[PDB]
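Architecture at a glance
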Amino acid sequence: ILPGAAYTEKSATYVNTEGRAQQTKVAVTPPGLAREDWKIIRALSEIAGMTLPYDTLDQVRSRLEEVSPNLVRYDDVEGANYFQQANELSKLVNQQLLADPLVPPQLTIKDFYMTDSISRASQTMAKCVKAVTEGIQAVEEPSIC
Amino acid sequence: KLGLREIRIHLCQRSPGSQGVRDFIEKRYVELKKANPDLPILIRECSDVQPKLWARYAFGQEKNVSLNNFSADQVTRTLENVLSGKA
Amino acid sequence: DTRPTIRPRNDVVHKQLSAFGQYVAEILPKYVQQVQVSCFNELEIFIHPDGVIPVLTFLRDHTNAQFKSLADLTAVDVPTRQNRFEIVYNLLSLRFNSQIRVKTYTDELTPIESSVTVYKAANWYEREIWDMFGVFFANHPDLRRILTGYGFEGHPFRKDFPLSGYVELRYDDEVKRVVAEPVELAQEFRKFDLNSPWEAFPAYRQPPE
Amino acid sequence: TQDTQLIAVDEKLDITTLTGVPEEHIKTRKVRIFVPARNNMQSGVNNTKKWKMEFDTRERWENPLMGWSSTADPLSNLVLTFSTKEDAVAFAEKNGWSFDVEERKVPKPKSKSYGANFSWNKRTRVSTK
Amino acid sequence: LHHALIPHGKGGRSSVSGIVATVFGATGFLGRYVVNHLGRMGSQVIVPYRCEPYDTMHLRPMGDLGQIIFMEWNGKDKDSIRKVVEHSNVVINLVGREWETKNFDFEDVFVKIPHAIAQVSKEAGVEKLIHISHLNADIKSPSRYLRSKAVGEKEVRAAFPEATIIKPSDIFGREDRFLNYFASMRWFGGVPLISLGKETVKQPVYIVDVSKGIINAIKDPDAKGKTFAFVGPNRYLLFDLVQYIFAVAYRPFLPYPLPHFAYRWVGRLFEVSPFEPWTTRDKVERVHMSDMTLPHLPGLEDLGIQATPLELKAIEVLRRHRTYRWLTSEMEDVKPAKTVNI
Amino acid sequence: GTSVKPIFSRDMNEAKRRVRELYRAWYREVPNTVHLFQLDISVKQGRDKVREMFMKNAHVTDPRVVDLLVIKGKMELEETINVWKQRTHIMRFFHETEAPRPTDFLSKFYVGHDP
Amino acid sequence: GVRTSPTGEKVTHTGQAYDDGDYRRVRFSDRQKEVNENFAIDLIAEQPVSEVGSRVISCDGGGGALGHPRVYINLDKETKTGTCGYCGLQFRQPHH
Ligand SMILES: NC(=O)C1=CN([C@@H]2O[C@H](COP(=O)(O)OP(=O)(O)OC[C@H]3O[C@@H](n4cnc5c(N)ncnc54)[C@H](OP(=O)(O)O)[C@@H]3O)[C@@H](O)[C@H]2O)C=CC1
Ligand SMILES: [Zn+2]
């Protein structure tokens, strides 16, 4: 088991569904002995022998820029195009569509809460899940105090 | 093995310095992928980038080749020489 | 009266100080940049640095000015402005009892000429600025560090300097002496987020752009 | 007009060694400038009208005594204000801190009319006040 | 590791290193120094004591508030040991005297006390134990000091299989009773070396070196079970060593030839004082006993520390004994003694 | 903009001159401050510390900055010469109680979260 | 109420109790873990439920100016007892 850092402890980057690459800054240090997720990989590589060239955050961002130049440009949608050639590119297999009705995995507010590891770890998520499941009179928390 | 594992293309959005490659993938890409369906021709298009080409072969080695103002036939050749060298 | 809480307004002193401000502006147009008198009857003169010696001398010597007392000398670091540091000279008159203030600007490196001769009280005050803001003073008789500890670094009143400093000192038996160590607080300074997001004084609103 | 033996000095200021900041604090530390977003719990606006710079957060461990929040980096609760981002970035480079830039996000002005609360055919008609 | 034991900080006073020491008998010489390295890095030491806490106030500065908790302990009490080591991860044994107390015999402070320490420690569940014992310890050495230390080592190792036994050679450093010993030997007339002391080689170590080695052995993962030997970089024959320290102190040197039995008589005479005898018979049977070489014992540099030569750091220790005629003199005036190397 | 006011030195050559006799004074000082302050420092390992501190600010190229370092070293020289400084402050340059700090990335990862 | 830990320590009103290993218990050997017996959790529960007969009830906490700021609690909900947030006395309608 290699403990890692959560999304509020690292200083890494994520991408929205529209392609814009945003950055998450470090809020609180990772608990215990867990380090960041790229630092541990690089240290693992250095110990194993096949050392990676990058050593701090700016170098790994530069390397990721080398891999993809859109993933460093922050908070601006990198204009995506070339759809028609992609359409003409697949258009070969048939893979006849099954008659199974389309049902998203989330169908009611009860399953909107319990999706990821963070949600499962949470207790308030379970409290609201059980609020939704049975009925109204299950989760009354005194608000005056 | 040493045969190339993925080929990455970084072309600018509108700037004329990357115009030629934009025409290349415009017409000379679909059959190129049909020729090597297994091969990941990645096109990580972006803005204000000089038209550049990465080539990752095996073991984590990568090859750098610029395509600054490269014509469509010229970029076709600079892809063909790399693809032919399946090693 | 109708305004028992609001402070009294003394417009006579205001007009008279404004007249003297026009006076001093006309007398030395070479170094003076902008003179204005505050609402509470306190006049300030914004001069170019090269006028540190001349203007002060004119304020120290002139018969109709007659200011010989250096109340205090201070710098006010503000990182925003191009020349971050601004130096304030506070003068008090005896024959014409009143308080005048002259203000100059300098960055970290551009030296500002040392008064000392105009006001021999400035000397120690002068040293403080150099030892507290980094503003070196040209041909100051002895610009050695004055306040901070021996072998210190930086200039603490700079707004970038942290509140807790950089290095503490404590006994070490391994070397049998007081030693300097990098900062490691036992409890970190909690920085409260005051200054409510609602506008306080409409009069002093910054113009838009 | 201001003769003081002036000299062209092209390279930017390097007051770093003058500031006395230790080597790892001037090198490792990364500072970002930004306009602080208003607290959504409030509708007040005059807190996103300045350019503040702040530094990357560091280790925050709990002391054995009461579980306090002892830390090691002195430049943690240090935030500097600036009128325009140009002054802030100039300060950052001349001091020597690796800086990050975020553009001043401002609210887009939306067309608002009370006559939209009611309508003859538009969906925007409200159902309660 | 326990949730209150994860290392935290940056090695300062308030850094939580993750060490809970015990430093038994830390109220003296190296006990003062090791706590320093334990206090400076940040670790809740549980330093026990038998004397008056006055002779322990000098441990208060060398630690942030909430550290170096003091607990009363008695030698002939297993319960006191249990109380001191109930909540610890490392137990450090430094309890050892040099003169035979009329109440505490030599062996108890060197086998019975260490044996009880090891037994109660192992019962408690402490991870690592570091017992200290003279390098020259031999079962049949003429001095009962080394003999008792050898039986104590074997007893502790039997009781605590993974104890990290440390065998330091003669140690110097401020209050040393070795450098200051020969330095004050002028007080008792001319220096009475046994047979003028041309036949005794010594391998001294700087106290900071041994203390740092103890700290690394705490941090070292493989230190369990092993037995380290602490030796200096260079080794001096006794006569030139005394020459060097006297020259550093600039006090005139008057070597005095002496038979072994005559020095035994003098040691018996000195053993009758009622407080801290300047020398003992056992001390005489120690000084002429040269320190052997134990290459098969893992040394000091393998731990990570670098041995500091005696010439560099003799100034501070011998500085006080210098009179004002040469109290202003530096190191370089004294040329390093003719070390007899390998 | 580019034009600026000097402190003393006009060009890199004259500031280069000022640091020269600053090092002169430090050289002639080190032995008798070792003697006077009863330093545990040795003469050679006194001089090399001066050399390493002078080499520490090797990157500086702006003149005014060089005048600033030279005048600050001048203040340091006065503080040392007439015994206003104290032995502890002199030792402050030598980092004794400060534990060695690792440099490689692997040790940094082992110790804790820090770049 | 104050209860003993499995180790033997007296738990606090907040629920603090050092665990089995919990090396930070040497602080209490040769000393004591100072805990207050007058638990505020239960010293307010046994107080009688006031039966004042009005819709909305004022509460200053007793002592007038010496009490807490005057709050108007609502004795409306039939299924529970209204209580002042500051002090904690439970107010209820006299069974309507
Ligand atoms: N050059 C050297 O000094 C060398 C020393 N050693 C070993 O190092 C150990 C410690 O040496 P050092 O620190 O110089 O010795 P000191 O006598 O200077 O200090 C002994 C320490 O243990 C305590 N102590 C000693 N005897 C007793 C006792 N009978 N009962 C309770 N506590 C006791 C002392 O406290 P208190 O004063 O209250 O008794 C003090 O904390 C000994 O085992 C010694 O043989 C090994 C090689 C070389
Ligand atoms: Zn109440």
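Residues numbered from 1 in each chain as written, not as in the entry; some residues may be left out. Chains lettered and ligands numbered in written order. Part of a larger assembly, values for the part shown. Heavy atoms only, no water.

Structure determination for this PDB entry is given in the record as cryo-EM, at a resolution of 3.4 Å.

Applicable threshold: UniProt positions are given in the numbering used here, feature names are shortened, and annotations may be inferred rather than shown by experiment.
As named in the PDB entry, chain G is NADH dehydrogenase [ubiquinone] iron-sulfur protein 6, mitochondrial, taken from Sus scrofa. Word for word, the UniProt comment on chain G under Sequence similarities (unreviewed entry) is "Belongs to the complex I NDUFS6 subunit family." In the Subunit (unreviewed entry) part of its UniProt record, chain G is described as follows: "Mammalian complex I is composed of 45 different subunits. This is a component of the iron-sulfur (IP) fragment of the enzyme."

By the naming in the PDB entry, chain F is NADH dehydrogenase [ubiquinone] 1 alpha subcomplex subunit 6, taken from Sus scrofa. What UniProt states about chain F under its Subunit (unreviewed entry) heading is, verbatim, "Mammalian complex I is composed of 45 different subunits." Quoted straight from UniProt, the Sequence similarities (unreviewed entry) entry for chain F says "Belongs to the complex I LYR family."

1. Examining the overall build of chain G
The following threshold applies: To qualify as a helix, a DSSP run of H or I must reach at least 4 residues; to qualify as a strand, a run of E must reach at least 2; elements of each kind are numbered from the N terminus. When we talk radius of gyration, it's over C-alpha atoms, and the globule rule is simply 2.2 Å times the number of residues to the 0.38. Exposure categories follow from relative accessible area, calculated using a 1.4 Å probe and restricted to protein chains: below 20% of the type maximum is buried, above 50% is exposed, and the middle band is partly exposed. In this description, contact between two residues means that some pair of their heavy atoms is separated by no more than 4.5 Å. The accessible surface values rely on the Shrake-Rupley method and a 1.4 Å probe; as for residues, cover is taken only from the protein chains in view. Note that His is not counted, nor are the chain ends; the positive residues are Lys and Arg, and the negative ones are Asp and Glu. By convention, the charge on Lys lies at NZ, on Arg at CZ, on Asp at CG and on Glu at CD.
Check the secondary structure of chain G and you find one helix and four strands. Listing the helices and strands of chain G from first to last along the sequence gives α-β-β-β-β. For 96 residues, the compact-globule estimate of 2.2 N^0.38 gives 12 Å, and the C-alpha radius of gyration of chain G, at 20 Å, exceeds that figure by more than 25%. Per-residue burial for chain G yields a buried fraction of 26% across its 96 residues. Within chain G, counting contacts between residues at least 6 apart in sequence, those at least 24 apart form 38% of the total. Element-wise, carbon and sulfur atoms account for 54% of the exposed surface of chain G, whose accessible area totals about 6,400 Å². Averaged over its 12 positive side-chain charges, chain G has a centre that lies 4 Å from the centre of its 13 negative ones.

2. Description of the interface of chain C and chain F
What counts, and what does not: Accessible area that two parts lose when put together, evaluated with a 1.4 Å probe and summed over both, is termed the buried area. For this document, the term salt bridge refers to a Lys or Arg side-chain nitrogen within 4 Å of an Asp or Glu carboxyl oxygen.
Taken together, the contacts link 21 residues of chain C with 23 residues of chain F. Between chain C and chain F, the buried area comes to about 1,800 Å², and carbon and sulfur atoms account for 66% of it. A per-residue breakdown of the area chain C buries against chain F is headed by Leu109, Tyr150 and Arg177 of chain C, which together make up 35% of the total. Viewed at the interface, chain F and chain C are joined by one salt bridge.

3. Some details on the coordination of the zinc ion (ligand 2)
Residue and element names in this part refer to chain G. Heads up, the condition is: Coordination partners: N, O, S within 2.8 Å of the metal, 3.2 Å for Na, K and Ca; water not considered, so apparent gaps in a site are possible.
Donor atoms from the polypeptide that coordinate the zinc ion (ligand 2) comprise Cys59 (SG), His68 (NE2), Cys84 (SG) and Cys87 (SG), at 2.1 to 2.3 Å from the metal. Every donor residue of the zinc ion (ligand 2) comes from the same chain, spaced as C-x8-H-x15-C-x2-C. One end of the pair, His68, is in the loop between β1 (56-59) and β2 (71-74); the other, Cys87, is in the loop between β3 (82-83) and β4 (90-91), and 19 residues separate them in sequence. We classify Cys87 as partly exposed; its relative accessible area is 28%.

4. Section: the site of ligand 1
Residue and element names in this part refer to chain E. Going by this rule: The criterion for a residue being near a molecule or strand is simple. One of its heavy atoms has to lie within 4 Å of it. A 3.5 Å cut-off defines polar contacts: any pair of N or O atoms within that distance qualifies, except that in protein one atom must be a possible hydrogen donor and the other a possible acceptor, and neighbouring residues in sequence count only when both atoms are side-chain atoms.
Taken together, 25 residues sit near ligand 1, with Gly25, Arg50, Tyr145, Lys149 and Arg177 positioned nearest. Measuring from an oxygen atom of ligand 1, one finds a backbone N or O atom of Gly28 at 3.1 Å. A distance of 3.0 Å is found between a nitrogen atom of ligand 1 and a backbone nitrogen or oxygen belonging to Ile171. Here ligand 1, which alone exposes 880 Å², has 91% of that area covered by the protein.

5. Here we look at the UniProt feature "binding site: Zn(2+) 2" (unreviewed entry) in chain G
Residues and elements named next belong to chain G. The sites that carry the UniProt feature "binding site: Zn(2+) 2" (unreviewed entry) are, in the present numbering, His68 and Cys84. The named residues occupy 17 residues along the chain; their greatest pairwise C-alpha distance, 9.7 Å, places them in one compact cluster. The buried category is assigned to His68, whose relative accessible area is 14%. The residues contacting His68, other than those within four sequence positions of it, are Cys59, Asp60, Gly61, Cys84, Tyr86 and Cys87. By the secondary structure assignment, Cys84 is in the loop between β3 and β4.

6. Structural notes on the nonpolar core
As a reminder, the rule being used: By nonpolar core we mean a set of buried residues, namely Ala, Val, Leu, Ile, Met, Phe, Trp, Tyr and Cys, connected to one another through side-chain atoms within 4.5 Å.
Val23 and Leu179 of chain E are the most contacted members of the largest nonpolar core, which totals 69 residues. Of all hydrophobic cores here, the second largest spans 62 residues; its members include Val32 of chain C together with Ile71, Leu77 and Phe94 of chain F.

7. Observations regarding the interface of chain C and chain D
Applied cut-off: Amino acids are sorted into nonpolar (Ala, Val, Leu, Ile, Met, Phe, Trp, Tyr, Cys and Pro), charged (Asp, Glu, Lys and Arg) and polar (every other residue, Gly among them).
The interface of chain C with chain D comprises 31 residues on the first partner and 38 residues on the second. Here chain C and chain D share an interface that buries about 2,800 Å² over both sides, 55% of which is from carbon and sulfur atoms. Where chain C touches chain D, the interface holds two salt bridges. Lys94 of chain D is paired through a salt bridge with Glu108 of chain C; the nearest N and O atoms lie 2.7 Å apart. Put simply, chain C and chain D have 11 residue pairs in polar contact between them. Among the residues making up the side of chain C that touches chain D, the classes are represented as 11 nonpolar, eight polar and 12 charged.

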